[PDB]
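From first to last, the protein sequence lines are chains A and B.
Heads up: the first sequence runs through residues 2 to 34, 43 to 68, 83 to 160, numbered per UniProt numbering.
Heads up: the second sequence runs through residues 6 to 259, numbered per UniProt numbering.
The beta-carbon is built from N, C-alpha and C at its ideal position, and this holds for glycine as well.
Notes follow the structure.
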Amino acid sequence: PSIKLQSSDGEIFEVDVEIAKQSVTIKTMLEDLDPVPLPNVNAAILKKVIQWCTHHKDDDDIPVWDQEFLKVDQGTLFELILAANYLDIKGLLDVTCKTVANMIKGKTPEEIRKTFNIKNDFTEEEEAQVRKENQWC
Amino acid sequence: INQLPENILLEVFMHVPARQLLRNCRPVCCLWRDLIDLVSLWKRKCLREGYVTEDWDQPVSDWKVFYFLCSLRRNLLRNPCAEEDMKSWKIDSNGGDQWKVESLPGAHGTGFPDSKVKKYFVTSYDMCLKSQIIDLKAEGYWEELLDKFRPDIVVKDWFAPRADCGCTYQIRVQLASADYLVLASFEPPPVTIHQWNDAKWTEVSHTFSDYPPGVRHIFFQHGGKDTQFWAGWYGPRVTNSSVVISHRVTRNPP
Ligand SMILES: CC(=O)N[C@@H]1[C@@H](O)[C@H](O[C@@H]2O[C@H](CO)[C@@H](O[C@@H]3O[C@H](CO[C@H]4O[C@H](CO)[C@@H](O)[C@H](O)[C@@H]4O)[C@@H](O)[C@H](O[C@H]4O[C@H](CO)[C@@H](O)[C@H](O)[C@@H]4O)[C@@H]3O)[C@H](O)[C@H]2NC(C)=O)[C@@H](CO)O[C@H]1O
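In structure tokens, the structure reads:
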């Protein structure tokens, strides 16, 4: 009892509809509408999405499955949360985001800026920004 | 990473421990600092953590502080119900036969009104007093919170007699400065109760509001002795003692 989703680059994935429904933005797509197309999702992330959605087809910490599943490289993790937002799988969004927050833990204001590579925006107001709340942490 | 939407960046920040999110993630860049200091971060932290229901209905002058107070809010008294024997209590006086634990309801005693409570501390024929000295900063309550906001500190204790013997209950709870100087003192009159009583458990509770600034320790002490000079444990029984710092401040500096 299935539907066909089609990725931004053409690849068609066939899925049962109960699993596919977890994407709000294609449960709504399905109320309107031969394979439904998703041009914001390339085939690779489309699979990791349905791979996760099938794993929670019927349902604090992070599960271990969701941890091994998310042991991907950092750009795939970011595509994954953007796909989760696009598709409105509110579960996948929280697992992937929570994961990014755990990369943030333990790192300094610079060590965070390294492992994610953003450029230093302040001038010396970092002093005004660490100490502002570091006064008591 | 800053490739992400503002809403999504906020959701990541939600899952970051607040003390981390403020002293590390804020000096990363303006783009981050602006978002972290956004009230809707902390509201949604409280939301997700459960501190606030969507029918919240009660104003707060500051949600960052409010979030911490709620997260820290907890009984600072260790081993309050005699489940680890006598651990982490200091025994100021241990008279007669010693301080001793006893399962409820004990001889000539009544049951404790909370089904959760099983055991109780009990005292003997001379002065038995035990205490704890809560270092407030070590428990996470930082200074400017204590002096500039002054969240209501609430203290409770429970005590019952045996029926066949009279006794006396004493309790002192003090808020002490960094110098261990007393700045507020709950010192109710001692309670003596006679022999052939109903053995009923009784809650004592007092709320410290608008205390002076400079409280760094809450010092909690209680105990008693019987008033017939009897071998054994006919002095007062105590259990379920709590100290909790609530989210209500008396002073909203903004
Ligand atoms: C510090 C020191 O050494 N001081 C001693 C005193 O201890 C001693 O006085 C006696 O002390 C004991 C306890 O130390 C007392 O015994 C308790 O008595 C009550 C009841 O007392 C009367 O009432 C009953 C009628 O309802 C009668 O049955 C009874 O015989 C008495 O007339 C009991 O409730 C207690 O027993 C309960 O608890 C024990 C455990 O505590 C349980 O095993 C039992 O199941 C029971 O529930 C005690 O037995 C005793 O009364 C004291 N005696 C007197 C005469 O006062 C004193 C004697 O000189 O010396 C002091 O210096």
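Expected contact under 8 Å - CB spacing of residue i and residue j to nearest Å
i: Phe101/A; j: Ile6/B; result: 7 Å
i: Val58/A; j: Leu115/A; result: 7 Å
i: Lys205/B; j: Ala165/B; result: 6 Å
i: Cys133/B; j: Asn99/B; result: 6 Å
i: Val18/A; j: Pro2/A; result: 6 Å
i: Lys121/A; j: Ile54/A; result: Their Cβ separation, rounded to whole angstroms, is 18 Å, which puts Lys121/A and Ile54/A out of contact at 8 Å.
i: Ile158/B; j: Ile13/B; result: That belief does not hold up - the Cβ atoms of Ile158/B and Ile13/B are roughly 39 Å apart, past 8 Å.
i: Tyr109/A; j: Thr26/A; result: 7 Å
i: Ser210/B; j: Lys161/B; result: 4 Å
i: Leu6/A; j: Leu47/A; result: 6 Å
i: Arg24/B; j: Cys62/A; result: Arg24/B to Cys62/A, Cβ: 35 Å. No contact.
i: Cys34/B; j: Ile20/A; result: Contact flag wrong, Cβ pair sits at about 39 Å.
i: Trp94/B; j: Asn84/B; result: 6 Å
Closer than 8 Å: residue i CB and nearest ligand 1 heavy atom
i: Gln175/B; result: no
Buried versus exposed call for residue i [16 or more other C-beta atoms within 10 Å across all chains shown]
i: residue 1/B; result: As displayed, chain B neither begins before 6 nor continues past 259, which places residue 1/B out of reach and without an answer.
i: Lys123/B; result: exposed
i: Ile127/A; result: buried
i: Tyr72/B; result: buried
i: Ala107/A; result: buried
i: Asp89/A; result: buried
i: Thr244/B; result: buried
i: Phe126/B; result: buried
i: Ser246/B; result: buried
i: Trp201/B; result: exposed
i: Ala87/B; result: buried
i: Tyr130/B; result: buried
i: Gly129/A; result: exposed
i: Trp238/B; result: buried
i: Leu36/B; result: exposed
i: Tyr56/B; result: buried
i: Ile112/A; result: buried
i: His222/B; result: buried
i: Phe234/B; result: exposed
i: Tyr185/B; result: exposed
i: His227/B; result: buried
i: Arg28/B; result: buried
i: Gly98/A; result: exposed
i: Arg38/B; result: buried
i: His199/B; result: exposed
i: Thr119/A; result: buried
i: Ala236/B; result: exposed
i: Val44/B; result: exposed
i: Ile4/A; result: buried
i: residue 331/B; result: The requested residue 331/B is not part of the displayed model; chain B covers only 6 to 259.
Contacting residues, own chain, Cβ-Cβ under 8 Å from residue i (five flanking each side not counted)
i: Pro218/B; result: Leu151, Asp152, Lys153 and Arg155
i: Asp203/B; result: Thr115 and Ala168
i: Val153/A; result: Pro132
i: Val106/B; result: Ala87, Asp90, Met91, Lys124, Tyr125, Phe126 and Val127
i: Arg78/B; result: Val249, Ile250, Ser251 and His252
i: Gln60/A; result: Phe92
i: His65/A; result: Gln23 and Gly114
Cβ neighbours of residue i in the same chain (closer than 6 Å, five flanking residues each side left out)
i: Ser190/B; result: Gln179
i: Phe117/B; result: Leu109 and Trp206
i: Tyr174/B; result: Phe164, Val196, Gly229 and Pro241
i: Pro258/B; result: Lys153
i: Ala181/B; result: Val187, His222 and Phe224
i: residue 1/B; result: Shown here, chain B extends from 6 to 259; a query on residue 1/B therefore has no answer.
i: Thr212/B; result: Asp157 and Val159
Cut-off 7 Å between Cβ atoms - residues of its own chain near residue i, not counting five sequence neighbours on either side
i: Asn51/A; result: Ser8, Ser9 and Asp10
i: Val254/B; result: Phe154, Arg155 and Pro156
i: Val21/B; result: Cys30
i: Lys69/B; result: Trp47
i: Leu82/B; result: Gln137, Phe225, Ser246, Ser247 and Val248
i: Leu26/B; result: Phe18 and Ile41
i: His113/B; result: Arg167, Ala168, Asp169 and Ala204
i: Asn143/A; result: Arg136
Interface partners of residue i on chain D, CB under 9 Å
i: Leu116/A; result: Any reference to chain D falls outside this structure, whose protein chains are A and B.
For review: beta carbons within less than 6 Å of any heavy atom in ligand 1
Selection around ligand 1 by beta-carbon proximity, strictly under 6 Å to any non-hydrogen atom, yields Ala112/B, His113/B, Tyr130/B, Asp169/B, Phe234/B, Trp235/B, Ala236/B and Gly237/B in chain order.
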